[PDB]
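A.B. asks: Encoded as C-alpha cells, here's the structure I'll be asking about.
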Amino acid sequence: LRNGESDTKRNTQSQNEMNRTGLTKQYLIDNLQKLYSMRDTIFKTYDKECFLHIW
Amino acid sequence: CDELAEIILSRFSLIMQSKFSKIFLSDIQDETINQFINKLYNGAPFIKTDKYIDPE
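Protein chains in written order, with the entry's author numbering: chain J, 223 to 277; chain H, 169 to 224.
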C-alpha cells in the first residue's frame, strides 16, 4: 500500500518598459511656396498701423 | 427763411464736398510716380511702364 502527496507554489512577477521615438520628415514642394510671405507679412501690419501713407 | 437756410446748408455742403482728384497707389517713396505724373500732366500721348503698376 503506497500513498503519496505533493504540493507546489509558484509566484512570478514581471515588469516591462518600452520607449518609442519617431521623427517623420516630409518634403512637399507646396510648403516651400507658402514660405514666401511668412516673414514679409510681419511688416505689412506694421506699415498699415504705424506709418504715414501719404507722400 | 428757416426752410431756405436749411437748403443752403445742404447746397453749400455739396459744393465744398464735390472736389475731384486722381489718386496714384504705389510704394510710399517709389519715384516712378513722380515721373508718371509729370508725363501725364504735360502732354504725353504714349507712356511706357511695366506690369508692376497697372493703371486698371
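Think of the CB as a built atom: it goes at the ideal place given N, C-alpha and C, for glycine as much as any other residue.
(1) Got a sec: is the Cβ-Cβ distance from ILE215/H to anything in chain J below 8 Å?
(2) Under a CB-based cut-off of 8 Å, is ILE196/H close to chain J?
(3) In terms of residue numbering, what span does the alpha helix (DSSP H) encompassing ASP269/J cover?
(4) Rounded to whole angstroms, what is the Cα-Cα separation between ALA212/H and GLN185/H?
(5) Note down, in chain order, each residue of its chain lying with its Cβ closer than 8 Å to the Cβ of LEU254/J, except the 5 sequence neighbours on either side.
(6) Measuring only the C-alpha atoms, how far is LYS270/J from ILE264/J?
(7) From which residue to which residue does the alpha helix (DSSP H) around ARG179/H run?
(8) From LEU193/H to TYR249/J, what does the alpha carbon distance come to, in whole angstroms?
(9) I'd like to check one pair, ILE201/H with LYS207/H: are the Cβ atoms closer than 8 Å?
(10) Work out the CA separation of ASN238/J and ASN225/J for me, nearest whole Å.
C.D. replies: Checking against the coordinates, here is how it stands:
(1) no
(2) yes
(3) In the DSSP annotation of this structure, the continuous segment of the alpha helix (DSSP H) that includes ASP269/J starts and ends at 264-272.
(4) 30 Å
(5) none
(6) Roughly 11 Å separates the two Cα atoms.
(7) 170-185
(8) 39 Å
(9) no
(10) Rounded to whole angstroms, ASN225/J to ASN238/J spans 44 Å at the Cα level.
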